[PDB]
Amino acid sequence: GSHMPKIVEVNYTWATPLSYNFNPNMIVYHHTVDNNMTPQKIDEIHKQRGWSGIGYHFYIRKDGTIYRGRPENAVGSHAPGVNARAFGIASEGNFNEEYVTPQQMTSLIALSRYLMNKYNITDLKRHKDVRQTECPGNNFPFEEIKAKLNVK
């Protein structure tokens, strides 16, 4: 059946109760702005902001490594107003000033197709499509991702 790319599991200690009332029908793409960040650093920041921990379901570093964030069946903390219906995929970088690496692109396509097939998702969105933000940055290759995934 449909292939799952390599997802690195990360040991988190969740501060507040996770909700599993999560029914995804959307994928939302993010950038981190700051570089150099481990998934554990993101988790620390999101906890400061009052979230249980890392708000993204997945975090893709510059070398293409895909780290798990929130459990795949839990509500995240990445796009208030669509969190109960959206996977959140963050890429390491500030794409107002950077481009995604080739390894990030490879991982973005493989991970998106995995989620789309597993959950019957066709709706791809940038953070800035659902909320007022510059995320995921001017250079984020959204139209190219949609083209490779055959989404109109």
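Numbering starts at 1 and follows the sequence shown.
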Between 81-89 and 33-41, name whichever shows the higher mean Cα B factor according to the PDB entry. 33-41
With respect to the recorded C-alpha B factors, which stretch has the higher mean value, 3-11 or 143-151? 3-11
For residue 117, does the deposited CA B-factor place it in the lowest, middle or highest third of the chain? middle
Residue 94: which third of its chain by C-alpha temperature factor? lowest
Splitting the chain's C-alpha B-factors into thirds, which one does residue 49 fall into? highest
Name the third of the chain's ranked CA B-factors that contains residue 25, choosing lowest, middle or highest. lowest
